[PDB]
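Topology and contacts: notes
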Amino acid sequence: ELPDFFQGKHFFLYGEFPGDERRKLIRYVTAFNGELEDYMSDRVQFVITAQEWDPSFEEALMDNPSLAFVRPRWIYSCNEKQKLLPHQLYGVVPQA
């Protein structure tokens, strides 16, 4: 059946996404039993973004440090292996 590695992890798609991508994500997330948020709030553990580092992150960060800023590629490869991959490999850091 369906592997449930996103168990109790909440996501947030931050970017401007290529329409069907958002779908894929959501498909893939919920598919793996991921939780999906409709707004940045304390529940969030991973912010998925195709976009680039945003000042927003920081303030969000300095209010909820646990945050991960991963790029979609993670969510894919995750499925693409049927395993929880360290988001670190697919991270988003302000470049500076």
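Before reading further, recall that the structure is shown in the block above.
Residues numbered from 1 in each chain as written, not as in the entry; some residues may be left out. Heavy atoms only, no water.

**Re the pattern of salt bridges**
Any two side chains of opposite charge can pair, given that their charged atoms come close. Counted only if it meets this: By definition, a salt bridge exists where a carboxyl oxygen of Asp or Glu is found within 4 Å of a side-chain nitrogen of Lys or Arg. Whether a residue is buried, partly exposed or exposed follows from its accessible area with a 1.4 Å probe, protein chains only, as a fraction of its type maximum: under 20%, in between, or over 50%, in that order.
Applying the stated rule across the entire model yields two salt bridges. One salt bridge in this structure joins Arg-43 and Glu-37, with 2.6 Å as the shortest N-O distance. By relative accessible area, which is 44% here, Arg-43 ends up partly exposed. By relative accessible area, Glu-37 is classed as buried at 10%.

**Let's talk about the sheet that holds strand β1 (residues 10–13)**
Sheets are built from strands that pair by backbone hydrogen bonding, the pairs being arranged parallel or antiparallel. For clarity, the threshold we go by: Two strands qualify as a pair provided that DSSP identifies no fewer than 2 bridges between them. Secondary structure elements are defined from DSSP: runs of H or I of at least 4 residues count as helices, runs of E of at least 2 residues count as strands, and each element is numbered from the N terminus.
Overall, parallel pairing links the four strands, which are arranged β2-β1-β3-β4 in an open sheet. Only two strands of the sheet have a single neighbouring strand rather than two, namely β2 (35–36) and β4 (68–70). One ladder, built from three bridges, connects β1 with strand β3 (residues 46–48); its direction is parallel. Within the sheet, the bridge partner assigned to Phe-12 lies in β3 and is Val-47.

**Observations concerning the packing of aromatic side chains**
The relative placement of two aromatic rings is captured by the distance of their centres and the angle of their planes. Stated formally: The aromatic pairing rule takes the rings of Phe, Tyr and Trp, using the six-membered ring of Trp, and pairs them if the centres are within 6.5 Å, calling planes under 30 degrees apart stacked, those over 60 edge-to-face and the rest tilted. Geometrically, a charge over a ring is one whose NZ (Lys) or CZ (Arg) sits within 6 Å of the ring centre while staying within 35 degrees of the ring normal.
Enumeration over the complete set of coordinates arrives at 15 aromatic pairs. With a centroid separation of 6.2 Å and 35 degrees between ring planes, the pair formed by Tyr-28 and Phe-32 is classed as tilted. Here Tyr-28 matches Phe-32 in class, with each residue buried. Considering the side-chain rings of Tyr-28 and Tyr-76, the 6.2 Å spacing of their centres and the 70 degrees angle between planes classify their relative orientation as edge-to-face. One end of the pair, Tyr-28, is in helix α1 (residues 20–31); the other, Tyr-76, is in helix α3 (residues 73–79), with 48 residues separating them in the sequence. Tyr-28 sits in the buried class, given a relative accessible area of 17%. Cation over ring: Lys-24 sits above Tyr-76, and NZ or CZ is 4.7 Å from the ring centre.

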